[PDB]
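First the structure, in the form of structure tokens, and then the observations on it.
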Amino acid sequence: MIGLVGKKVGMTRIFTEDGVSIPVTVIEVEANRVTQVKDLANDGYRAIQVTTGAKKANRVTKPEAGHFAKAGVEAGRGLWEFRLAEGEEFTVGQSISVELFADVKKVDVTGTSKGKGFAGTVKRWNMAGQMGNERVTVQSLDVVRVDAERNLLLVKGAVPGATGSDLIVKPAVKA
Amino acid sequence: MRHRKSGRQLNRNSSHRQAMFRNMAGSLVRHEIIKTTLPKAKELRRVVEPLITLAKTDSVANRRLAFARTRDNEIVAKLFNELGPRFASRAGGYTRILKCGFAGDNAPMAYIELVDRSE
RNA sequence: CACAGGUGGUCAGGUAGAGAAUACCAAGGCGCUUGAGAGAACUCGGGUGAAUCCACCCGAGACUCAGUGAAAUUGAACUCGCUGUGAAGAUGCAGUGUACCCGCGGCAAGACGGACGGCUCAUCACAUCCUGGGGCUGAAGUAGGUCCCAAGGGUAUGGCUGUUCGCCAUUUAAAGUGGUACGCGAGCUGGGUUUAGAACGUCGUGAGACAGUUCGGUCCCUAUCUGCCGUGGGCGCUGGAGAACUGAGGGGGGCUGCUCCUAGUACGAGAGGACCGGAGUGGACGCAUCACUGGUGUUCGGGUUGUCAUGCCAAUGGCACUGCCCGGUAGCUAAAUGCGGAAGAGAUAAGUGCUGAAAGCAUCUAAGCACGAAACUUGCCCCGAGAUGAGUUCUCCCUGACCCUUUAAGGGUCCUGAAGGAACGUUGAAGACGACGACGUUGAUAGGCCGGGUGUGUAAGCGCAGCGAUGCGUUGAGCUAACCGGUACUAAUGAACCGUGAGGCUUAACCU
RNA sequence: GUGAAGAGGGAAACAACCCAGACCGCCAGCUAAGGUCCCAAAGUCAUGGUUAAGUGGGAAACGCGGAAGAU
RNA sequence: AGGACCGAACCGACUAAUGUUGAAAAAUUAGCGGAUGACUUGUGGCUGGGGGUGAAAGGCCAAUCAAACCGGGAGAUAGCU
RNA sequence: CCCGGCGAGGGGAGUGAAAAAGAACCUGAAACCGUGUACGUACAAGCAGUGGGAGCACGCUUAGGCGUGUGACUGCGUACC
């Protein structure tokens, strides 16, 4: 349906009642507010633009400030797009919480791999080329716990990238 | 490697690097002013500021540690008596770097001195 | 060559040392000929300063490795793929397709780079071999021959023949068959020949040659472009600029063993015996991480042998592979795993099918008209409008003046200098160099500091006991680089350059 | 007979295949082989025939089949 | 007393690598071997080119040996580019 | 005399017929290295030339279409011994 954008902070382990250790990743998911709505009539397809975080007004470029003021929302750190599933349509300025993933139990995480120096053929394939600064998508991941008041989301296993990176969580298409 | 790493490559023997750091720290504490490249000035500041902060408190253990890390009786004698009280009320930032113009494209140079350097 | 190579005798100290050996010291000699620059005349725009005569530095053009500078080669190069011909794989002949121009880092499909022979894991067929896994061969065993992701290009003995050798025999883990110049004689070598010395003699006017003689022996060079991967400078998408996406096209992988019941059901006289692929459970390989399971972590602590020093001890620093070990911060890895190679869909060979003949039978098809193999494409992960067919969406800015001509996609001057970028500093989980994220006084970007965390282990001093060693309270103490949240204590100041000033021509619809 | 010692036009390319022996110049007209959908200059010209397989646009013997050809 | 053993200086290139317009027209690095004996070295001299020498590789004779350099025969030479 | 560093070197003035004769010194072309003048080139495939061919600045009959440099495109085009 629609995915949110969060920030990686760290990763640790979680202990269950039965006494089982499961790796988890600390992801802070700020409430993403819709800024622009693209429709078939005008834009040619259905989509919603989501912004997260905040930036100092000094560094915000005037075109970006005007675009944000058009939607009447605070300027964030970036913009992301998600393709709708022909479901309910949102409105500009509609804040989106993390409750959507509270009843899915299956999500996919997309991130950016950490940069690395040139790697040999054996290191990469076991062809030389640039390592890092590339996409990484991991699917079939189940959310462990969801905290609405804390905006903290936990997923089994590790996630791509290092601390401070920006990741995207989407509903698990595979089923 | 390449991730959350502190300190430049500085290709050389570790003992030689430590000796150079000690020599530059001694020169700075003696003359209170040096001219050197920006990486070298930053390394000197990083290696000397802990010593100055430790010297703020006057004690036998602190003096012995300063002598061990400097190997100069005169330098330690100078310390704990003038620099300490001078920067007693200042927490951090005991050294300043001033750009003295130029190489520009080969290796930069700058002056590293104390906050006051006099009085 | 001031070369890195060679040059005969004498003076021969201390410590732990059997030793002129080993490690550091006495007197003495050195820190090495690449590691590192000034402001480089001049020229432009600026701000600052006593009101002509100007003085200071920035942002630039003008040097750059603080640099002389050689190297085999070179008919001229604007140096793409496939198909066909060709003294025979055509960058150059004919047909067709693709590609913005110029650079940088790696990998060689191959340039017939340049001046016979086999030792060949990377793209190939036979079991290829710089030392992963396998399937079959009534294989008596080992072993051959047949096949996969694949090219040990350093190596046996021999018949046909000349030896490693082109067919193969014994082959073991291969002694091995051609594609690419058998990838390189820009690797090696001769092991027989035309070629390192003998060598019967030859075809052969002669050159040229005799994959014929018995033994054979010394074979040269510092990536030129080109194909692929990644990454840069310029320009264009038509006023400029900042962001976010659709998408023509392109990238790589679809492996495989067991069990639960389903069900000892169907079918089947009995024996026999699934479809079930419904769920879980292994291995090879790909992405990602360090909390867990091992290493490194010459930047951190502790122990210890010799030696020099701090005037001596206690205690430290320098050398002996990091002098030798116990570990180990963060980071980097696998010896650890969360996921992946789906499920499903389309069209499929064979096959399986609703009603149904021509030609009162039959039949997968003639009329209406449906599934389906690990084959193909979507579906899974993507980049991508340099796709010049140059896309879509949102946002920000310029609203001046005058003169001239060859009177129009015209030219010139003063002023303005927008959004955006670059210029410089802090810098990073970005990095060979480019490039990219965040900050620059409207601040945690870097250094240090505060408290915590990890690591290491009981630091020194003090008084007591032991007439030595050493222990006791001080003390779970001291120290801690890269970890966590703040602190402007210090460094990113006031700024300056490019980038504009209403955006070409023709046509259809709105009030003029 | 050609090349050897001959240019040019056609066969998509080509030296032996077909026409054709270039003194030079001119923005002229007519032929030979070969073509008259385009590429490329010329009739999408007229009549009588074979062709449902792209045989044309590659094939022996043999009873339309034979028919499998080169990144 | 050892053509004795380990082990410095020293000697041999026996093995591997460095380069084949090189640092050198044959050298360098790391091991191996001898290290009181057929040992080595400083200096002086003799053995001379169809010859000398040669514990027989036809090794060496001025960075070259199946017969070295210089000037003359020779502006040589049958065949050939 | 000035710049330059109190050097080297350069720029003026003067001597010099001439310094387009300055001790690298008569006359001074090419291969090679830079700047300016005009043009082609960032959607375009092969011995790089040959004819056609729109423009870009200038001088001409002071237009009446000529020449000084270029060809985007197009038919042809496998260098020499």
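Quick note on naming: the chains in the structure tokens go A, B, ... in the order shown, residues restart at 1 in each chain, and ligands are numbered from 1 in order of appearance.
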
Sorted by chain and rising residue number, which residues of chain B lie within 10 Å of chain A, and what are their closest atom pairs and distances in Å to one decimal, counting only C-alpha atoms, as CSV?
residue,atom,partner,partner_atom,distance
B:1,CA,A:116,CA,9.2
B:2,CA,A:116,CA,7.5
B:3,CA,A:116,CA,8.8

Need to verify the contact set: stretch 31-47 of chain F, 8 Å, only C-alpha atoms (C1' of nucleotides), exclusion of same-chain residues closer than 5 positions in sequence. Can you return it as a list in words? residues 76, 80, 91, 92, 100, 101, 234, 235 and 388 of chain C; 56, 57, 69, 70, 71 and 79 of chain F

Restrict the distance test to only C-alpha atoms (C1' of nucleotides), flag each residue of chain A within 7 Å of chain C, and return the flagged residues as a JSON list (two decimals) with N, CA and C atoms, in the first residue's frame.
[["chain", "number", "residue", "atom", "x", "y", "z"],
["A", 12, "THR", "N", 20.27, -3.85, 18.56],
["A", 12, "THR", "CA", 20.51, -4.60, 19.79],
["A", 12, "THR", "C", 19.71, -5.89, 19.72],
["A", 13, "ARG", "N", 19.57, -6.56, 20.87],
["A", 13, "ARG", "CA", 18.84, -7.81, 20.98],
["A", 13, "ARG", "C", 17.64, -7.63, 21.91],
["A", 43, "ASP", "N", -0.77, 14.45, -13.37],
["A", 43, "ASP", "CA", 0.57, 13.88, -13.35],
["A", 43, "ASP", "C", 0.68, 12.57, -14.11],
["A", 62, "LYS", "N", 15.28, 28.58, -1.34],
["A", 62, "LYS", "CA", 14.02, 29.30, -1.51],
["A", 62, "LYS", "C", 12.99, 28.51, -2.31],
["A", 63, "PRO", "N", 13.33, 27.85, -3.42],
["A", 63, "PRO", "CA", 12.32, 27.03, -4.10],
["A", 63, "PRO", "C", 11.72, 25.96, -3.20],
["A", 64, "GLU", "N", 12.55, 25.30, -2.38],
["A", 64, "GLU", "CA", 12.04, 24.29, -1.47],
["A", 64, "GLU", "C", 11.15, 24.92, -0.40],
["A", 66, "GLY", "N", 9.32, 27.61, -0.74],
["A", 66, "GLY", "CA", 8.05, 27.91, -1.39],
["A", 66, "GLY", "C", 7.21, 26.66, -1.61],
["A", 67, "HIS", "N", 7.85, 25.57, -2.04],
["A", 67, "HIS", "CA", 7.12, 24.32, -2.24],
["A", 67, "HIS", "C", 6.50, 23.84, -0.93],
["A", 79, "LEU", "N", 12.53, 14.20, 0.26],
["A", 79, "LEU", "CA", 11.23, 13.81, -0.27],
["A", 79, "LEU", "C", 11.30, 12.38, -0.78],
["A", 114, "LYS", "N", 26.93, 1.17, 3.07],
["A", 114, "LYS", "CA", 28.04, 2.02, 3.46],
["A", 114, "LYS", "C", 29.15, 1.97, 2.42],
["A", 115, "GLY", "N", 29.82, 3.10, 2.22],
["A", 115, "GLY", "CA", 30.88, 3.16, 1.24],
["A", 115, "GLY", "C", 32.07, 2.30, 1.63],
["A", 127, "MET", "N", 34.88, -9.61, -10.33],
["A", 127, "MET", "CA", 35.11, -8.40, -11.10],
["A", 127, "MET", "C", 35.23, -7.19, -10.18],
["A", 128, "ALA", "N", 36.33, -6.45, -10.32],
["A", 128, "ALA", "CA", 36.55, -5.28, -9.50],
["A", 128, "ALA", "C", 35.58, -4.16, -9.87],
["A", 129, "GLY", "N", 35.25, -3.34, -8.88],
["A", 129, "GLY", "CA", 34.34, -2.23, -9.11],
["A", 129, "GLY", "C", 34.12, -1.46, -7.83],
["A", 130, "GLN", "N", 33.30, -0.42, -7.94],
["A", 130, "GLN", "CA", 32.98, 0.41, -6.79],
["A", 130, "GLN", "C", 32.10, -0.36, -5.82],
["A", 136, "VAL", "N", 20.26, -1.38, -1.24],
["A", 136, "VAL", "CA", 20.16, -2.68, -0.58],
["A", 136, "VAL", "C", 18.72, -2.89, -0.14],
["A", 137, "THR", "N", 18.08, -3.93, -0.67],
["A", 137, "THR", "CA", 16.69, -4.24, -0.35],
["A", 137, "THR", "C", 16.63, -5.61, 0.31],
["A", 138, "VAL", "N", 15.95, -5.68, 1.45],
["A", 138, "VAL", "CA", 15.76, -6.93, 2.19],
["A", 138, "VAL", "C", 14.27, -7.10, 2.43],
["A", 139, "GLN", "N", 13.73, -8.24, 2.00],
["A", 139, "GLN", "CA", 12.30, -8.52, 2.08],
["A", 139, "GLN", "C", 12.04, -9.64, 3.08],
["A", 140, "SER", "N", 10.76, -9.95, 3.27],
["A", 140, "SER", "CA", 10.33, -11.03, 4.16],
["A", 140, "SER", "C", 10.85, -10.80, 5.58],
["A", 156, "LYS", "N", 13.10, -8.00, 12.70],
["A", 156, "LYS", "CA", 14.01, -9.12, 12.90],
["A", 156, "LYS", "C", 15.24, -8.99, 12.01],
["A", 157, "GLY", "N", 16.40, -9.33, 12.56],
["A", 157, "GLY", "CA", 17.63, -9.24, 11.82],
["A", 157, "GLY", "C", 18.17, -7.83, 11.75],
["A", 158, "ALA", "N", 19.22, -7.67, 10.96],
["A", 158, "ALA", "CA", 19.87, -6.38, 10.78],
["A", 158, "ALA", "C", 19.31, -5.67, 9.56],
["A", 159, "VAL", "N", 19.68, -4.40, 9.41],
["A", 159, "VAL", "CA", 19.23, -3.58, 8.28],
["A", 159, "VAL", "C", 20.45, -2.97, 7.62],
["A", 160, "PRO", "N", 20.34, -2.60, 6.34],
["A", 160, "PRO", "CA", 21.50, -2.05, 5.63],
["A", 160, "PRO", "C", 21.89, -0.68, 6.16],
["A", 162, "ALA", "N", 24.70, 2.19, 8.06],
["A", 162, "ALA", "CA", 25.24, 2.45, 9.39],
["A", 162, "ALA", "C", 24.32, 3.40, 10.14],
["A", 175, "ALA", "N", 3.65, -12.60, -0.60],
["A", 175, "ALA", "CA", 2.70, -13.20, 0.34],
["A", 175, "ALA", "C", 2.18, -14.52, -0.19]]

Identify all residues of stretch 15-135 of chain A in helix (DSSP H, G or I) (DSSP on the backbone) and supply them as a PyMOL selection string. chain A and resi 62-71+99-103+121-124

Those residues with N, CA, C and O atoms, as a compact mmCIF listing (two decimals), in the first residue's frame please?
# COMPACT_ATOMS: atom_id res chain seq x y z
N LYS A 62 15.28 28.58 -1.34
CA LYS A 62 14.02 29.30 -1.51
C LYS A 62 12.99 28.51 -2.31
O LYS A 62 11.81 28.52 -1.91
N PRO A 63 13.33 27.85 -3.42
CA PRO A 63 12.32 27.03 -4.10
C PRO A 63 11.72 25.96 -3.20
O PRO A 63 10.51 25.73 -3.22
N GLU A 64 12.55 25.30 -2.38
CA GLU A 64 12.04 24.29 -1.47
C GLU A 64 11.15 24.92 -0.40
O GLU A 64 10.12 24.35 -0.03
N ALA A 65 11.54 26.10 0.10
CA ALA A 65 10.71 26.78 1.09
C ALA A 65 9.34 27.12 0.50
O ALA A 65 8.31 26.94 1.15
N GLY A 66 9.32 27.61 -0.74
CA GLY A 66 8.05 27.91 -1.39
C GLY A 66 7.21 26.66 -1.61
O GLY A 66 5.99 26.67 -1.40
N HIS A 67 7.85 25.57 -2.04
CA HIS A 67 7.12 24.32 -2.24
C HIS A 67 6.50 23.84 -0.93
O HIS A 67 5.35 23.40 -0.91
N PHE A 68 7.26 23.90 0.16
CA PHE A 68 6.72 23.48 1.45
C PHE A 68 5.61 24.40 1.92
O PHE A 68 4.60 23.94 2.48
N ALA A 69 5.76 25.71 1.72
CA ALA A 69 4.72 26.65 2.11
C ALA A 69 3.45 26.44 1.30
O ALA A 69 2.35 26.70 1.79
N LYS A 70 3.58 25.96 0.06
CA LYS A 70 2.39 25.66 -0.74
C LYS A 70 1.54 24.60 -0.06
O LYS A 70 0.30 24.72 -0.02
N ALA A 71 2.17 23.56 0.48
CA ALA A 71 1.46 22.52 1.21
C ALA A 71 1.21 22.89 2.66
O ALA A 71 0.52 22.14 3.37
N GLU A 99 1.16 3.39 12.71
CA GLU A 99 0.17 2.36 12.99
C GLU A 99 -0.02 1.41 11.82
O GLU A 99 -0.47 0.27 12.03
N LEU A 100 0.30 1.84 10.60
CA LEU A 100 0.07 0.99 9.43
C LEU A 100 0.83 -0.33 9.55
O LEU A 100 0.28 -1.39 9.24
N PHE A 101 2.08 -0.28 10.01
CA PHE A 101 2.88 -1.48 10.18
C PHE A 101 2.53 -2.24 11.45
O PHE A 101 3.08 -3.33 11.67
N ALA A 102 1.65 -1.71 12.30
CA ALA A 102 1.28 -2.40 13.53
C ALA A 102 0.42 -3.63 13.28
O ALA A 102 0.27 -4.44 14.20
N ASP A 103 -0.13 -3.80 12.08
CA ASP A 103 -1.02 -4.92 11.78
C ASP A 103 -0.68 -5.51 10.42
O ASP A 103 -1.57 -5.89 9.65
N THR A 121 38.31 -9.06 -7.21
CA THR A 121 37.32 -9.96 -7.78
C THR A 121 36.89 -11.02 -6.76
O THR A 121 35.69 -11.32 -6.64
N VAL A 122 37.84 -11.58 -6.02
CA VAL A 122 37.51 -12.60 -5.03
C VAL A 122 36.68 -11.99 -3.90
O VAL A 122 35.74 -12.62 -3.39
N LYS A 123 37.02 -10.77 -3.48
CA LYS A 123 36.28 -10.14 -2.39
C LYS A 123 34.82 -9.92 -2.77
O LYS A 123 33.92 -10.12 -1.94
N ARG A 124 34.56 -9.50 -4.01
CA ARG A 124 33.20 -9.20 -4.43
C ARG A 124 32.43 -10.47 -4.79
O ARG A 124 31.41 -10.78 -4.18

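Neighbours of stretch 28-39 of chain E closer than or equal to 12 Å, with only C-alpha atoms (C1' of nucleotides) counted and sequence neighbours fewer than 4 positions away skipped, come out as residues 4 and 5 of chain C; 1, 2, 3, 4, 5, 6, 7, 8, 9, 10, 11, 12, 13, 14, 15, 16, 17, 18, 19, 22, 23, 24 and 55 of chain E.
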
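Atom pair atom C1' of residue C:120 / atom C1' of residue C:176: separated by 12.6 Å.
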
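Within 10 Å of residue C:41, once only C-alpha atoms (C1' of nucleotides) are used and residues closer than 4 positions along the same chain are dropped, the contacting residues are residues 62 of chain C; 3 and 4 of chain F.
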
What are the closest atom pairs, with distances in Å to one decimal, for all residues of chain C lying within 7 Å of chain B? Consider only C-alpha atoms (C1' of nucleotides), order rows by chain and residue number, and present the result as a tab-separated table.
residue	atom	partner	partner_atom	distance
C:37	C1'	B:103	CA	6.1
C:316	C1'	B:68	CA	5.6
C:317	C1'	B:68	CA	6.0
C:331	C1'	B:1	CA	5.5
C:332	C1'	B:1	CA	5.4
C:429	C1'	B:3	CA	5.0
C:447	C1'	B:46	CA	6.7
C:448	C1'	B:92	CA	4.6
C:449	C1'	B:92	CA	5.3
C:460	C1'	B:61	CA	6.3
C:482	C1'	B:5	CA	5.3
C:489	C1'	B:92	CA	4.5
C:490	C1'	B:93	CA	3.9

Could you tell me, as a ChimeraX atom specification, which residues of stretch 57-134 of chain A DSSP assigns to strand (DSSP E or B) when given the backbone? /A:78-83,95-96,107-112,116-119,129-131

Would you save the residues from that selection as a PDB file, in the first residue's frame, using C-alpha atoms?
ATOM      1  CA  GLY A  78      14.119  15.037   1.850  1.00  0.00           C
ATOM      2  CA  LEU A  79      11.231  13.813  -0.270  1.00  0.00           C
ATOM      3  CA  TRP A  80      10.135  10.262  -1.062  1.00  0.00           C
ATOM      4  CA  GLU A  81       7.481   8.670  -3.265  1.00  0.00           C
ATOM      5  CA  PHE A  82       5.325   5.570  -2.864  1.00  0.00           C
ATOM      6  CA  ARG A  83       2.958   3.980  -5.370  1.00  0.00           C
ATOM      7  CA  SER A  95       0.263  13.264   8.870  1.00  0.00           C
ATOM      8  CA  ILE A  96       0.897   9.515   8.620  1.00  0.00           C
ATOM      9  CA  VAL A 107       7.743  -5.454   5.887  1.00  0.00           C
ATOM     10  CA  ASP A 108      10.604  -4.825   3.465  1.00  0.00           C
ATOM     11  CA  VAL A 109      13.516  -2.474   4.166  1.00  0.00           C
ATOM     12  CA  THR A 110      15.437  -0.488   1.543  1.00  0.00           C
ATOM     13  CA  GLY A 111      18.624   1.379   2.414  1.00  0.00           C
ATOM     14  CA  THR A 112      21.996   2.575   1.157  1.00  0.00           C
ATOM     15  CA  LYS A 116      33.947   0.978   0.803  1.00  0.00           C
ATOM     16  CA  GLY A 117      37.175   1.078  -1.158  1.00  0.00           C
ATOM     17  CA  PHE A 118      37.895  -0.782  -4.364  1.00  0.00           C
ATOM     18  CA  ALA A 119      37.457  -4.529  -3.857  1.00  0.00           C
ATOM     19  CA  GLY A 129      34.344  -2.229  -9.115  1.00  0.00           C
ATOM     20  CA  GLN A 130      32.985   0.411  -6.789  1.00  0.00           C
ATOM     21  CA  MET A 131      31.686  -0.953  -3.479  1.00  0.00           C
TER      22      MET A 131
END

Using only C-alpha atoms (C1' of nucleotides), which residues sit within 12 Å of residue C:210 once same-chain residues fewer than 2 positions away are excluded, as a ChimeraX atom specification? /C:193-194,201-204,208,212-213

Write the residues of the preceding selection, restricted to N, CA and C atoms (P, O5', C5', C4', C3', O3' and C1' of nucleotides), as a PDB file, in the first residue's frame.
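Okay, this is what ended up in selection_11.pdb:
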ATOM      1  P     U C 193      66.880 -33.988 -35.805  1.00  0.00           P
ATOM      2  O5'   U C 193      65.704 -33.491 -36.761  1.00  0.00           O
ATOM      3  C5'   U C 193      65.958 -32.577 -37.820  1.00  0.00           C
ATOM      4  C4'   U C 193      64.703 -31.848 -38.232  1.00  0.00           C
ATOM      5  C3'   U C 193      64.897 -30.668 -39.172  1.00  0.00           C
ATOM      6  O3'   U C 193      65.021 -31.060 -40.530  1.00  0.00           O
ATOM      7  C1'   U C 193      63.457 -30.042 -37.400  1.00  0.00           C
ATOM      8  P     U C 194      66.426 -30.911 -41.294  1.00  0.00           P
ATOM      9  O5'   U C 194      66.680 -29.339 -41.333  1.00  0.00           O
ATOM     10  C5'   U C 194      65.727 -28.459 -41.911  1.00  0.00           C
ATOM     11  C4'   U C 194      66.253 -27.047 -41.970  1.00  0.00           C
ATOM     12  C3'   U C 194      66.645 -26.429 -40.638  1.00  0.00           C
ATOM     13  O3'   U C 194      67.933 -26.833 -40.204  1.00  0.00           O
ATOM     14  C1'   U C 194      65.321 -24.896 -41.855  1.00  0.00           C
ATOM     15  P     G C 201      77.057 -39.248 -47.690  1.00  0.00           P
ATOM     16  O5'   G C 201      76.285 -38.628 -48.937  1.00  0.00           O
ATOM     17  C5'   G C 201      75.485 -37.462 -48.795  1.00  0.00           C
ATOM     18  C4'   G C 201      74.018 -37.784 -48.922  1.00  0.00           C
ATOM     19  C3'   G C 201      73.275 -37.087 -50.051  1.00  0.00           C
ATOM     20  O3'   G C 201      73.458 -37.723 -51.303  1.00  0.00           O
ATOM     21  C1'   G C 201      72.020 -36.920 -48.054  1.00  0.00           C
ATOM     22  P     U C 202      72.617 -37.248 -52.589  1.00  0.00           P
ATOM     23  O5'   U C 202      71.977 -35.861 -52.135  1.00  0.00           O
ATOM     24  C5'   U C 202      71.031 -35.193 -52.955  1.00  0.00           C
ATOM     25  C4'   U C 202      69.640 -35.283 -52.379  1.00  0.00           C
ATOM     26  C3'   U C 202      68.610 -34.351 -53.001  1.00  0.00           C
ATOM     27  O3'   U C 202      68.063 -34.870 -54.201  1.00  0.00           O
ATOM     28  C1'   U C 202      68.483 -34.205 -50.643  1.00  0.00           C
ATOM     29  P     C C 203      68.239 -34.082 -55.592  1.00  0.00           P
ATOM     30  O5'   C C 203      66.851 -33.323 -55.779  1.00  0.00           O
ATOM     31  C5'   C C 203      65.653 -34.048 -56.015  1.00  0.00           C
ATOM     32  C4'   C C 203      64.445 -33.290 -55.528  1.00  0.00           C
ATOM     33  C3'   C C 203      64.216 -31.927 -56.165  1.00  0.00           C
ATOM     34  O3'   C C 203      63.580 -31.999 -57.429  1.00  0.00           O
ATOM     35  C1'   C C 203      64.046 -31.725 -53.826  1.00  0.00           C
ATOM     36  P     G C 204      64.204 -31.218 -58.689  1.00  0.00           P
ATOM     37  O5'   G C 204      64.636 -29.805 -58.093  1.00  0.00           O
ATOM     38  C5'   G C 204      63.661 -28.845 -57.712  1.00  0.00           C
ATOM     39  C4'   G C 204      64.261 -27.738 -56.882  1.00  0.00           C
ATOM     40  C3'   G C 204      65.326 -26.890 -57.562  1.00  0.00           C
ATOM     41  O3'   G C 204      64.788 -25.891 -58.410  1.00  0.00           O
ATOM     42  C1'   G C 204      66.089 -27.528 -55.425  1.00  0.00           C
ATOM     43  P     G C 208      66.347 -17.601 -49.325  1.00  0.00           P
ATOM     44  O5'   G C 208      65.215 -18.684 -49.607  1.00  0.00           O
ATOM     45  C5'   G C 208      63.845 -18.350 -49.436  1.00  0.00           C
ATOM     46  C4'   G C 208      62.943 -19.552 -49.579  1.00  0.00           C
ATOM     47  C3'   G C 208      63.139 -20.674 -48.571  1.00  0.00           C
ATOM     48  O3'   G C 208      62.542 -20.420 -47.312  1.00  0.00           O
ATOM     49  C1'   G C 208      62.978 -21.590 -50.737  1.00  0.00           C
ATOM     50  P     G C 212      58.240 -35.688 -40.294  1.00  0.00           P
ATOM     51  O5'   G C 212      59.145 -35.198 -41.512  1.00  0.00           O
ATOM     52  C5'   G C 212      60.538 -34.969 -41.345  1.00  0.00           C
ATOM     53  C4'   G C 212      61.328 -36.249 -41.460  1.00  0.00           C
ATOM     54  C3'   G C 212      62.483 -36.410 -40.486  1.00  0.00           C
ATOM     55  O3'   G C 212      62.086 -36.802 -39.185  1.00  0.00           O
ATOM     56  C1'   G C 212      63.220 -36.972 -42.645  1.00  0.00           C
ATOM     57  P     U C 213      63.081 -36.550 -37.951  1.00  0.00           P
ATOM     58  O5'   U C 213      64.490 -37.035 -38.510  1.00  0.00           O
ATOM     59  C5'   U C 213      65.471 -37.584 -37.648  1.00  0.00           C
ATOM     60  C4'   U C 213      66.331 -38.593 -38.368  1.00  0.00           C
ATOM     61  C3'   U C 213      67.692 -38.877 -37.746  1.00  0.00           C
ATOM     62  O3'   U C 213      67.640 -39.835 -36.700  1.00  0.00           O
ATOM     63  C1'   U C 213      67.939 -38.495 -40.072  1.00  0.00           C
TER      64        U C 213
END

Near-residue C:364 list (10 Å; only C-alpha atoms (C1' of nucleotides); drop same-chain fewer than 3 positions) as a list in words: residues 351, 352 and 353 of chain C

Using N, CA, C and O atoms (P, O5', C5', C4', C3', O3' and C1' of nucleotides), can you export the residues from the last selection as a PDB file, in the first residue's frame?
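Saved to out.pdb:
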ATOM      1  P     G C 351       1.278 -35.998 -28.120  1.00  0.00           P
ATOM      2  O5'   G C 351       0.784 -35.949 -26.605  1.00  0.00           O
ATOM      3  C5'   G C 351       1.174 -36.949 -25.675  1.00  0.00           C
ATOM      4  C4'   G C 351       0.739 -36.600 -24.274  1.00  0.00           C
ATOM      5  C3'   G C 351      -0.757 -36.412 -24.069  1.00  0.00           C
ATOM      6  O3'   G C 351      -1.451 -37.635 -23.898  1.00  0.00           O
ATOM      7  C1'   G C 351       0.396 -34.599 -23.095  1.00  0.00           C
ATOM      8  P     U C 352      -3.008 -37.743 -24.286  1.00  0.00           P
ATOM      9  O5'   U C 352      -3.747 -36.896 -23.158  1.00  0.00           O
ATOM     10  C5'   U C 352      -3.646 -37.261 -21.789  1.00  0.00           C
ATOM     11  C4'   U C 352      -4.155 -36.168 -20.883  1.00  0.00           C
ATOM     12  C3'   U C 352      -5.604 -35.755 -21.082  1.00  0.00           C
ATOM     13  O3'   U C 352      -6.523 -36.628 -20.449  1.00  0.00           O
ATOM     14  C1'   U C 352      -4.249 -33.824 -20.950  1.00  0.00           C
ATOM     15  P     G C 353      -7.973 -36.882 -21.094  1.00  0.00           P
ATOM     16  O5'   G C 353      -8.622 -35.428 -21.160  1.00  0.00           O
ATOM     17  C5'   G C 353      -9.777 -35.180 -21.947  1.00  0.00           C
ATOM     18  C4'   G C 353     -10.283 -33.770 -21.758  1.00  0.00           C
ATOM     19  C3'   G C 353     -11.483 -33.374 -22.601  1.00  0.00           C
ATOM     20  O3'   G C 353     -12.714 -33.818 -22.059  1.00  0.00           O
ATOM     21  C1'   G C 353      -9.839 -31.686 -22.738  1.00  0.00           C
TER      22        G C 353
END
